[PDB]
Structures are given as structure tokens and as C-alpha cells.
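Asker: Have a look at this one.
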Amino acid sequence: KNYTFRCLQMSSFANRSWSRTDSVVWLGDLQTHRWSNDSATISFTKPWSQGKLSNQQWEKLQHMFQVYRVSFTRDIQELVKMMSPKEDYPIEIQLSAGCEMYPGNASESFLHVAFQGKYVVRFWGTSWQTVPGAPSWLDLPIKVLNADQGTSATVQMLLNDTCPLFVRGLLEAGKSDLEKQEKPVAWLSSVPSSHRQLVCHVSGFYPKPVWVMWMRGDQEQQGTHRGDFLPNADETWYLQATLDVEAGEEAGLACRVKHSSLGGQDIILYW
Amino acid sequence: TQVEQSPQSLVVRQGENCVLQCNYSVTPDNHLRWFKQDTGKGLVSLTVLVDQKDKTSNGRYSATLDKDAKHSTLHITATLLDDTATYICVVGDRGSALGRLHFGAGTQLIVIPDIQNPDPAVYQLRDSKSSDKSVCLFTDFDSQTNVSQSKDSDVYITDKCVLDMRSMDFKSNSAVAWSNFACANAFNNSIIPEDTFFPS
Amino acid sequence: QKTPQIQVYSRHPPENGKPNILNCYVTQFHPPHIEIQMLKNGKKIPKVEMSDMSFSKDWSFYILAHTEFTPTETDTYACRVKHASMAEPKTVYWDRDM
Amino acid sequence: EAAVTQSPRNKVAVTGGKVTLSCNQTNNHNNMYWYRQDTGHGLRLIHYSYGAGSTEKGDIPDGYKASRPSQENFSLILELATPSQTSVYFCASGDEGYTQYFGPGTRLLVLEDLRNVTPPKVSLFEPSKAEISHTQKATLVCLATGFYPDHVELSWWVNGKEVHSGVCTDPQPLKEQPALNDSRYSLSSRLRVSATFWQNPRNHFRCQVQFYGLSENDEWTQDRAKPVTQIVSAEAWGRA
Ligand SMILES: CCCCCCCCCCCCCCCCCCCCCCCCCC(=O)N[C@@H](CO[C@H]1O[C@H](CO)[C@H](OCc2ccccc2)[C@H](O)[C@H]1O)[C@H](O)[C@H](O)CCCCCCCCCCCCCC
Ligand SMILES: *[C@@H]1O[C@H](CO[C@@H]2O[C@@H](C)[C@@H](O)[C@@H](O)[C@@H]2O)[C@@H](O[C@@H]2O[C@H](CO)[C@@H](O)[C@H](O)[C@H]2NC(C)=O)[C@H](O)[C@H]1NC(C)=O
Ligand SMILES: *[C@@H]1O[C@H](CO)[C@@H](O[C@@H]2O[C@H](CO)[C@@H](O)[C@H](O)[C@H]2NC(C)=O)[C@H](O)[C@H]1NC(C)=O
Ligand SMILES: *[C@@H]1O[C@H](CO)[C@@H](O[C@@H]2O[C@H](CO)[C@@H](O)[C@H](O)[C@H]2NC(C)=O)[C@H](O)[C@H]1NC(C)=O
Ligand SMILES: [Cl-]
Ligand code: NA
Ligand code: NA
Numbered sequence: 008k009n010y011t012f013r014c015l016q017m018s019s020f021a022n023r024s025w026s027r028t029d030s031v032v033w034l035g036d037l038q039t040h041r042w043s044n045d046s047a048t049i050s051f052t053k054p055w056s057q058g059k060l061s062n063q064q065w066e067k068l069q070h071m072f073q074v075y076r077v078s079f080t081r082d083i084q085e086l087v088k089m090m091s092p093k094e095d096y097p098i099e100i101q102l103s104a105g106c107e108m109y110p111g112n113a114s115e116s117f118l119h120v121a122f123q124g125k126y127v128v129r130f131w132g133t134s135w136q137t138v139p140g141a142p143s144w145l146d147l148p149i150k151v152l153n154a155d156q157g158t159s160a161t162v163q164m165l166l167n168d169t170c171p172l173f174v175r176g177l178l179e180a181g182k183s184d185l186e187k188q189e190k191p192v193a194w195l196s197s198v199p200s201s202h203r204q205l206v207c208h209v210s211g212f213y214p215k216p217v218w219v220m221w222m223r224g225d226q227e228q229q230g231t232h233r234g235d236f237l238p239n240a241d242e243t244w245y246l247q248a249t250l251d252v253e254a255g256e257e258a259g260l261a262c263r264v265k266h267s268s269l270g271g272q273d274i275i276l277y278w
Numbered sequence: 008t009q010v011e012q013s014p015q016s017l018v019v020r021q022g023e024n025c026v027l028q029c030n031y032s033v034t035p036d037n038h039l040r041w042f043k044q045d046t047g048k049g050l051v052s053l054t055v056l057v058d059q060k061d062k063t064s065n066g067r068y069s070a071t072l073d074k075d076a077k078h079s080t081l082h083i084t085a086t087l088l089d090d091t092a093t094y095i096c097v098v099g100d101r102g103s104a105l106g107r108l109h110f111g112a113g114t115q116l117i118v119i120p121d122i123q124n125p126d127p128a129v130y131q132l133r134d135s136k137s138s139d140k141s142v143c144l145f146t147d148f149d150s151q152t153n154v155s156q157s158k159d160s161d162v163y164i165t166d167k168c169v170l171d172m173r174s175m176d177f178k179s180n181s182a183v184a185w186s187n188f189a190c191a192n193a194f195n196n197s198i199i200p201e202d203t204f205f206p207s
Numbered sequence: 732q733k734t735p736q737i738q739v740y741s742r743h744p745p746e747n748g749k750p751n752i753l754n755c756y757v758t759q760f761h762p763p764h765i766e767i768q769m770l771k772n773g774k775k776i777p778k779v780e781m782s783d784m785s786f787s788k789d790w791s792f793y794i795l796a797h798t799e800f801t802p803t804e805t806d807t808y809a810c811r812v813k814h815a816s817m818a819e820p821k822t823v824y825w826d827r828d829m
Numbered sequence: 115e116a117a118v119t120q121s122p123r124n125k126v127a128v129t130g131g132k133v134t135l136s137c138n139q140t141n142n143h144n145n146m147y148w149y150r151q152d153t154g155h156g157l158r159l160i161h162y163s164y165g166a167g168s169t170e171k172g173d174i175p176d177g178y179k180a181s182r183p184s185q186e187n188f189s190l191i192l193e194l195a196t197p198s199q200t201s202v203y204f205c206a207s208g209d210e211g212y213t214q215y216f217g218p219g220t221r222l223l224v225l226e227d228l229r230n231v232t233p234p235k236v237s238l239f240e241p242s243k244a245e246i247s248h249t250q251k252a253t254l255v256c257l258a259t260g261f262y263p264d265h266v267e268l269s270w271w272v273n274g275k276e277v278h279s280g281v282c283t284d285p286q287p288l289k290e291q292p293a294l295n296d297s298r299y300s301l302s303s304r305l306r307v308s309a310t311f312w313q314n315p316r317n318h319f320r321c322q323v324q325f326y327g328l329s330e331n332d333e334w335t336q337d338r339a340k341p342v343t344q345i346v347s348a349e350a351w352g353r354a
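Below is the structure:
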């Protein structure tokens, strides 16, 4: 039960002038913060998004980011001018930052930077560095970003101390939302597929771990194709399992669904 | 402007201390640098302040910075004549070349020098080539004396000026007057000391 | 420049005449500039809520458009997506059986 | 000691003329910057460059073109000079760090017309015997007169070497005809030495005035000599 905290940033630069930066923050599969370009301040999307920080501690932290966002926008603009005409607009930059919480007050922080949808740069130790696969021209940006000692000290304190502290508080304040149990509802349906395809729908369950198999009596069908986990708007999950069968063979088949919320009483739907 | 300096200008006597103020609104504020600009010349870096509550020193120059207040002061202890200069406050918004420098308009400092032993006199000097032409040199007066221009516009008189014979540790005021007129009646409009030596 | 996958699905089990939420989950696209419409019989539904855009470990973007709807035997519901990657807009119709 | 040089150091130009301010730097700095200094303002950025071939607009780029032909050289080009571009221009360079190393400055004056431009006459006045006996000190006085505009550098030279000790020069030149619009200027300077030093007849004293005016290429229709950038000096030997 190791929760990963993710501060996702997306920045788009269309030309020299026009740009926008939007962020979202995840603790596991729950959104905690939102920061639209239009908004001057970071928005809580949960009651407990402030964690265990005081109002004074949060203001300090928010201000750090407010300066960051404006600063970052100008830096990228200047870095483009520096590399010009090697690299040109439009430019897409993504940041994935945060810390992965382990038991026994253990964690591991990270700050990954993608450029045009490719992971090129990370903050490691006490400096920025390129990763394997990165183009060599980024060495000048990296040299320049590593010149700024103030930024380095700040990010170090942010990744080493501030992240694990904050996230450890989040886990306490948002315990009831994190550990919530939402029950799945299931329903059946069928379509042709080159031979019909039976579909077992499972919707409205939390947390994400779930077990869904087609069965005839007590015989797990090997042809059961589990689909992707699709989200609902109310922060519950949707999954479907399909089984390809022949016409007149649908009789006998059932869809069994196991989930922690149901607590023993598995859902069994017969065709 | 995001960088304001105070006072705009000030006058002090040799030996006295002065405090120069810098207040800024620059965001973010990575570092603050104090320059010295002698009249005509270029920019000489005195010190650079980086920390949240930094203090620096450079002989007679010491400075402080408080980033919370966005305030910095430059202290000059025991002013000398050579301190006569403009003092410029510059804030950098990055710790790298991606930064823009934000410049103050400056603070003009004048240091009035301490004339040890005055000996005011008006002399006549002769041109090395054509000996008929001459100038009148009012010299070796104290700083409290003021040299005014002549009533006659054909007579020219310069502002007072201080030179420093460094090897001897000696300073002297002077002003020059010429026309096309005698030296006895050259600085009449100026209120000159009564013990002013007029040679024969 | 990756091309967007689209998946249409209902929150609750679909019953004719009975209010429900219809979801459109667009994923695996880049760059993140995108237009997502939800249609009823080819016409643009008003007041369609949109989740904040985000991205996965592989740096691919995703977004969940959703809206209220009441399914009938006649009414058709779809999700229309315009992206730079696709020459023409891709329409994916809802099928309650799928 | 990352030094930066500028040329010219002082320039008189006419309206509509072309003026090129150069900046050389041997420190292998990628980044170079152009500023101008005006009263009531701090240094204001005009153009900057992140490397050879690149030029980027500053805060006040209007009326200026930049040029970075090499890592070493960065030029500011006034294509059509105007009086408003009268200023002191400072060049700078730097690496990836925040420090910018500034050049010594370039004084540019842009005149409406060059008709009134005239070099100085220079006279050296020898110390009075009265002063020598009274102080055991000797004051030479130099006098630059009849020049326009007021872009002069007066310097003292003893035995072919420049002297700073015991010198002071008027902070600004005075106008000879304050009533007239384009008055000629006069400037004075003093050099004080010990009597024994002045009395030595092997000591050669010289007052040098560097006048800044027209170049070879500038057009000239008047009859008097072409008032070009030049030195004028006066000199005298010591005597017992
Ligand atoms: C990160 C985990 C946080 C967890 C805890 C908080 C969670 C709550 C939710 C918050 C949600 C936030 C949403 C945003 C999430 C994404 C952001 C995650 C990454 C954080 C990075 C923050 C950087 C902080 C520093 C900064 O703002 N740098 C700014 C401003 O720096 C100035 O101002 C500072 C004031 O603090 C400091 O001066 C003060 C100082 C001086 C001397 C000594 C000490 C201090 C600096 O010296 C000074 O230079 C600087 O412009 C940086 O360069 C910005 C860019 C950094 C990211 C670059 C990424 C690589 C990009 C590669 C480009 C390649 C493509 C090129 C074409
Ligand atoms: C902050 O911690 C790092 C080590 O932690 C690693 O880097 C972080 C940014 C984050 O990604 C963690 O999950 C990583 O485990 C310290 O870096 C070391 O610093 C020492 C001394 O300065 C240096 O000798 C080592 O080379 C660094 N280690 C590595 C792996 O590069 C850093 O000093 C810490 N800073 C502060 C202010 O606490
Ligand atoms: C910079 O890019 C933006 C965003 O693409 C440009 O704004 C767009 O302009 C086109 C017209 O060609 C419109 O169809 C879009 O609706 C505009 N989008 C937005 C968000 O405004 C902008 O014109 C570009 N600016 C420059 C100077 O090139
Ligand atoms: C994203 O946010 C930035 C920062 O607020 C916007 O930049 C501002 O744009 C407004 C309107 O064009 C100007 O009044 C400000 O001068 C800009 N501020 C700064 C700090 O540059 C930017 O326009 C926003 N982009 C979009 C597409 O909404
Ligand atoms: Cl200016
Ligand atoms: Na005397
Ligand atoms: Na000299």
C-alpha cells in the first residue's frame, strides 16, 4: 500500500508570445490539487488537500510556486532563443515531480522533465542532468540551469524534505477518502464479432484492484479478455471483460466479480 | 522602475560616514550588486549580496541585504575624496545568464576634502610660447570659500577644483581666471579671505 | 504526434427512460490541444463537464468528458474528437451492448 | 580578470548618419549585452546575443540594430542616427553565470549639423616665481579654448608618461559666448609639482587635449581646415 504522489505539469509554447501552463496533483488515483493557467492560486479538489501544513506554511509554499510558474515560462522562452535556430516553436514541456512513500518513514523523490513527449531531463542529487537518449544540445540548457545555485538548493529542499513531510500529512488528513470502499454494479450484453461477443460490465468500484472472469459453473474461461481501467467522473472505476463464444452456447455462462467492498458476497450474473 | 535609490544625492566632509539606501520590487530577487561609477568612467563592482539576510565588507565599504523587506544599504566608513562618485544598485532576478539585471538610477556622493593648512593667494602665470598672454590662479583656499563668476562676460572664471599631490599627502583648491584685466581685480565678485596673498 | 483512442461508456447500467451519466474517455494523444464534443443525434450537447487534463507514466495525455443523458431506443449518443494528428474528426458512437 | 573593450570610446556624429559601436571580448563568453545610460534612469538593455549569429531585442531596441558576427565581437548599429540616441553606451559579456562584465563605456553625441565643429587651441601657462618661493610648489595651468562640441579628454604628460597625481581638470567646460546658441567651449586643468621637480630642466611637461570631431569620410563644404578627431598639445621644459 505504497502511495505515489505526483505533481504533473504541462506547458505549451505556441510561439514567442503565446504560452500556457496547467498543473494537476495526484495522491495515488485521487486528484488533490488543480492549477489552471487562468487561476493565480492553487485550488484544492479535496477538503484535506492542505494536508497538515499551517495556513502560513501553505502561503510560503504557494508563493514559491507562483514565482516558479512565471519564472519557468520566461526561462523556456530564453532557452529557445539560446538554442535558436536548433529548436523552434511549438514546444511542449511536461514535468512529473513528487515522492513515493514507503513504510518506516522511507521515501524516494523524483523530478522528471519531458520535451516534445520524450523524457530528456531529471533532477538527481544536487543538479540537473540528461538521461540516456537525450540530444546533446540540451547540455547548454543543463549547464545554465546548474549555474543557478539558488534554484538547486530550493529544489533539493523541496524533493528531500518538503515532499515527504507534506505527503505524510496528506495520508493522515485524507485517510477516510483513501481507504473508502465503493461497491461495483455489473450488467451483461452481447454483440457480433466476425460468433458473438459477451460483455460483462463492472462499474462504480473503488479501489482499483478487482477480479472479473467469465465462468460456466466453476470453470474459469481462458478466453476472458479483460479491458483497460476506465475512470468515472465520481472517482470510481469502470472495467469490462469480453468473452468470444458461438451462438446457442450462451446458456450456462456467468460473470463472477470479486472486490474488497463486497466482502465475501461475490457478484454472480447469469446470462 | 523596480529599483529606487535614496538619497538621490548627498554631500559629506572627508572622514564622515554615509549610508546609501536601495529599495526594490524585483521578483524574484536572486542577488544584489553595488557598483561605483567615477565621473565619466565605467562600473566597478564593490560587493554582491546573495543570502536572505546577507552582510558583506570590502575595506571601507560594507553592505547588508534583507530580502523579506527587499532592502539593502551600502555603508562607506571614513569617506575619502576618491569616494566622489555615483553609487548604483543592481538586482538580478536569476542566479544564471537567463537573468535580467534591474538597475537603479544611482546616488551621487560628493566628499568635501579637508584642507590641512590653507594659504590663499592669487598668482599670474605666463604662456610658455607667447609671454604677453597670462592667466590668474586663485589657489590654496579652504572649502568654505566660494568662487563666483565675473560681472564682465569677457572675463572667464572656472569653478573651484581640488587636486591631490598623493606622494606628499597634500590637497589644494584652485580656480583659474583669464580675459583679453589684472589678477588684483580678477576675483572681486568672489568673497575671498582677507589674508589672501597678492604678490607684486 | 500520437493519435487519440476514444471509449464511450455509461456510469450506471443503461435503462430506457432512466437518467444516467455518459462518459467519453480520450487517451494516448499528443500534443495536448484537443476539442471534444458529445453529441445527441448529431447535435452538440450543452454544459458538458470536463475533467482536468493529465498524463500517464508514458507522457501520453488523457481527459474524461462526461454529461447527463437519458437513453432511448431512438436517440443516438456519440463523442466527436478533433486533433492535429487526425486529418478529419473521429466520431465514436455509444453502443449499450458494447 | 575578464576584460571587455569598446570602440570608439567617444564619437561625434550627424543626424541621419551611420554609427557603429563595437565591442570585443576574448573571454570566450557566449553571452554579450548592449546598454545605454541616461540621467534619471539606470542602465537599459537595447540588444543582447547568446552566441555568434544570434541577436535578441532588449527593452529599448527601437532605432538600433545588433550584430554578432563572431563569439568575440558584438556591434550596435545606429542606421539613421538621431539626437535622442545621444547617450553613454555600455557593452557587457558573461558565461552561464549571473555576472556581467562591463566595458569602459562609449560617449556618443549626435548633432543636428556639423557646421560649428572646431578643434581647440591649447596653451600651457608656466608656474609663477611668487608661488615657487612662497610654497616650494609649482602649478602649471593648461587652457583648451575655442572648441565645439565639448567632447575633449585633457591629459598631463611628464617625460612621455601620463601623470594623475597632482592634477585636477574642470568637471565640465564653460561656454565662451553663453548668449550664442552654438557657443565654443573652454576647459582648464592644473598640474602641481614640487619646485625642485619643476626646476629640473630635464623634466618635459606637456598638456594633451584629445578632440573628438569629424572622420575622414565626413563631408565638409567650408573653407577652414576640416575639424577632424585630433590631438592638440602645449609643452614646456623645466628651468631653475
Ligand atoms: C516538487 C514536489 C513538491 C511537493 C510539495 C508541494 C505539493 C503541493 C502541490 C503543489 C502543486 C504545484 C504544481 C506544479 C508542479 C510542477 C513543479 C515541480 C518542479 C518544482 C521546481 C521548482 C523550482 C523552484 C526554484 C525556482 O522557482 N526557480 C526559478 C526562479 O529562480 C530564481 O528565483 C529563485 C527564488 O526562490 C531563486 O533565488 C532565491 C535564492 C537565491 C540564492 C539562494 C537561495 C535562493 C533562484 O536563485 C533564482 O534564479 C528558475 O527560473 C528556474 O530555472 C525555473 C525552471 C526550473 C525547471 C526547469 C526544468 C528543466 C527544463 C529543461 C528545458 C529544456 C528545453 C529548453 C528549450
Ligand atoms: C538531498 O538528497 C540528495 C540525495 O537524494 C537523491 O536525490 C534527490 C534529489 C532525490 O531524487 C532522492 O530521491 C535521491 O535519493 C543529496 O545528494 C547527495 O549529496 C551529497 C553531498 O552534497 C553528494 O556527495 C552526493 O553525490 C549526492 N547524491 C547523489 C545520489 O547524487 C543532497 O545533498 C540532499 N540535499 C539536501 C539539501 O538535503
Ligand atoms: C501564437 O499562437 C497562438 C495559438 O495558436 C495564435 O493564436 C491563434 O491564432 C489562430 C489564427 O491563425 C486562431 O485560429 C486561433 O484561435 C488562435 N488561438 C488562440 C488561443 O488565440 C497566435 O496568433 C500566435 N501569435 C503569433 C504572434 O504568431
Ligand atoms: C496564461 O497565464 C499567463 C500568466 O498570467 C498569461 O500571461 C498574461 O497574459 C495577459 C493577457 O494576455 C497579460 O495581461 C499579462 O501581461 C500576461 N502576464 C505575464 C506575466 O506575462 C497568459 O496570457 C495566459 N495564457 C493563456 C493562453 O491564457
Ligand atoms: Cl538609460
Ligand atoms: Na599659496
Ligand atoms: Na592625466
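Quick note, the sequences are listed as chains C, L, B and D, same order.
Quick note on this note's numbering: the first sequence kicks off at 8 and runs consecutively.
Quick note on this note's numbering: the second sequence kicks off at 8 and runs consecutively.
Quick note on this note's numbering: the third sequence kicks off at 732 and runs consecutively.
Quick note on this note's numbering: the fourth sequence kicks off at 115 and runs consecutively.
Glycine is no exception: its CB is placed at the ideal position from the N, C-alpha and C atoms.
(1) What does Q250 of chain D pair with, by DSSP beta-bridge criteria?
(2) Within the 8 angstroms Cβ cut-off, does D806 of chain B reach chain C?
(3) For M108 of chain C, which residues does DSSP report across the bridge?
(4) Counting only beta-carbon atoms, is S56 of chain C nearer than 8 angstroms to chain D?
(5) Using DSSP with H/G/I as helix, E/B as strand and the rest coil, what is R81 of chain C?
(6) Taking beta-carbon pairs under 7 angstroms, can you tell me which members of the stretch 9-21 of chain L lie near chain C?
(7) Tell whether a beta-carbon distance below 8 angstroms holds between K733 of chain B and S816 of chain B.
(8) Three-state secondary structure (DSSP) at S179 of chain L?
(9) Any heavy atom of ligand 5 closer than 7 angstroms to the CB of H109 of chain L?
(10) So which of L:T84, L:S181, L:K178 and L:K136 has the shortest CA-CA distance to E23 of chain L?
(11) Counting only beta-carbon separations shorter than 8 angstroms, does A47 of chain C have a partner in chain F?
(12) Between the C-alpha atoms of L192 of chain D and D152 of chain D, what's the straight-line distance to the nearest angstrom?
(13) Please work out which residues of its chain come closer than 8 angstroms, Cβ to Cβ, to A348 of chain D, disregarding the five sequence neighbours upstream and downstream, and give them in chain order.
(14) Rounded to whole angstroms, how far is the Cβ of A244 of chain D from the Cβ of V307 of chain D, which I believe are closer than 8 angstroms?
(15) Helix, strand or coil for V281 of chain D, going by three-state DSSP, please let me know.
(16) For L60 of chain C, name the three-state secondary structure that DSSP assigns.
(17) If I follow the unbroken beta strand (DSSP E) through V224 of chain D, where does it start and stop?
(18) Out of curiosity, what's the CA-to-CA distance linking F236 of chain C and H208 of chain C?
(19) Quick one, which of D:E170, D:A354 and D:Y203 has its alpha-carbon nearest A309 of chain D's?
(20) How would you label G217 of chain D, buried or exposed, when you count the other beta carbons within 10 angstroms and need 16 or more for buried?
(21) Let me check understanding here. Comparing Cα to Cα, which of D:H318, D:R229 and D:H248 lies closest to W334 of chain D?
(22) I'd like to check one pair, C168 of chain L with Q131 of chain L: are the Cβ atoms closer than 8 angstroms?
(23) Closer than 8 angstroms, CB to CB, is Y164 of chain D near chain C or not?
(24) Would the beta-carbon of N22 of chain C be found less than 7 angstroms away from any heavy atom of ligand 3?
(25) Take every Cβ of the stretch 783-801 of chain B, pair it with every Cβ of the stretch 174-186 of chain L, and state whether three or more of those distances are shorter than 8 angstroms.
(26) Give the straight-line distance between the Cα atoms of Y326 of chain D and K125 of chain C, rounded to the nearest whole angstrom.
(27) On the three-state DSSP scale, how would you describe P148 of chain C?
(28) Compute the beta-carbon to beta-carbon distance between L159 of chain D and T220 of chain D, rounded to the nearest angstrom, for a pair I have assumed lies under 8 angstroms.
(29) Going residue by residue through the stretch 194-269 of chain C, where are the continuous beta strand (DSSP E) segments of at least 3 residues, counting only ones entirely within it?
(30) I'd like the list of long-range same chain contacts for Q250 of chain D, defined as Cβ closer than 6 angstroms, with 5 residues on each side in sequence excluded.
(31) Counting only runs that start and end within the stretch 81-169 of chain L, where is the beta strand (DSSP E) found for 3 or more residues in a row?
(32) Check the DSSP bridge columns for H40 of chain C and list the partner residues they point to.
(33) Using a beta-carbon distance below 8 angstroms, is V206 of chain C in contact with chain B?
(34) Quick one: what's got a C-beta closer than 6 angstroms to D45 of chain L's C-beta in the same chain, skipping five residues either side?
(35) Does DSSP put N167 of chain C in a helix, in a strand, or in coil?
(36) Would you tell me roughly how many angstroms separate the C-alpha atoms of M829 of chain B and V812 of chain B, rounded to the nearest one?
Answerer: Let's see:
(1) In DSSP, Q250 of chain D forms no bridge with anything.
(2) no
(3) C:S114
(4) no
(5) helix
(6) none
(7) yes
(8) strand
(9) no
(10) L:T84
(11) You won't find chain F in this structure, because its protein chains are C, L, B and D.
(12) 17 angstroms
(13) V236, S237, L238, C256, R320 and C321
(14) In fact, because the Cβ distance is near 16 angstroms, the residues do not count as touching under 8 angstroms.
(15) strand
(16) coil
(17) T220 to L225
(18) 12 angstroms
(19) D:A354
(20) buried
(21) D:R229
(22) no
(23) yes
(24) yes
(25) no
(26) 59 angstroms
(27) helix
(28) Rounded, the Cβ-Cβ distance is 16 angstroms, inconsistent with contact.
(29) 203-212, 218-223, 244-252 and 260-265
(30) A309
(31) 92-99, 108-110, 114-119, 128-134 and 141-146
(32) C:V32 and C:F51
(33) yes
(34) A92
(35) helix
(36) 20 angstroms
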